[PDB]
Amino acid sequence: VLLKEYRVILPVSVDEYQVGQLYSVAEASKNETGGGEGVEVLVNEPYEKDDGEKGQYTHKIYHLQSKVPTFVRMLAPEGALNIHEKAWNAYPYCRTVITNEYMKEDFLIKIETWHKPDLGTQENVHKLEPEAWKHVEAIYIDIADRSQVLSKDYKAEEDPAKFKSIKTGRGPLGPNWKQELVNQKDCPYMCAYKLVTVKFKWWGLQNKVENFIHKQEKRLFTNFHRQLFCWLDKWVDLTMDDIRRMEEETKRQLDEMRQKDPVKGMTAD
């Protein structure tokens, strides 16, 4: 079991992120869906636990046959590659549990996130146990840093070091945009502390795949947030009410696209 916490500082407020994240997840899902693969939203309902925690529940399935590397592909029968995502989104807090029916208990990708109005300086925000938290590598993802992006993933239109929002005036993010957040009254900020736990108990592959999965998560978080910022003008004025409507349409769209369109998005690698 390999744990790492990815801290993503962003030039948006905690409240704005709640909308930007929902908007961006919708667009990112569609960009990867078609030809039978991609995202399928099964459940999207509001929930309330005994303790009173309220939030939004979603159950999705990521069909991943040809989008996964060959060493992963020739590892299980077709269809066995799909993974399920169940998330209890009680924003600012969220717990996401990803599973695989084939490996059952041997597989787990859990992402627990705390969205704080600070600059990523809170240690052990998920309040684990002292020693355990010591074995948690903390990694910072700088959405402005070109060297943190994979060459094949780069797209100038999704580069915040070149993007300037027309509606807010934020951007482009320079090499020192972070340290700058403290000088300007404008340009709000927050930090997503994403604790990722990966378990892949497979004889002889555990170490390789648990590390491979973290890299893909780091890669996803980097591209996702660079896109979220660059899409700032598309969602900053949306309300939570706009999102809900947009989500019900997205669900339909994902299904439609998945059956017609050919496979699209990030090719295996």
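All residue numbers are counted from 1 along the displayed sequence.
Of the two stretches examined, 20 to 28 and 247 to 255, the record assigns the greater average C-alpha temperature factor to 247 to 255. Comparing the deposited coordinates for 166 to 174 and 83 to 91, the stretch with the larger average C-alpha B-factor is 166 to 174. Across 139, 192, 75, 195, the entry's maximum B-factor at the CA atom is seen for 75. Looking only at 268, 263, 2, 8, the residue with the top Cα B factor in the deposited structure is 268. Ranked against the other modelled residues of its chain, the C-alpha B-factor of residue 55 as given in the entry falls in the middle third.
In the deposited entry, the Cα temperature factor of residue 130 sits in the top third of values across the chain's modelled residues. The entry lists a Cα temperature factor for residue 68 that places it in the highest third of the chain's modelled residues. Ranked within its chain, residue 62 lands in the middle third, by CA B factor from the PDB record. In this PDB entry, residue 235 carries a Cα temperature factor that places it within the middle third of its chain's modelled residues.
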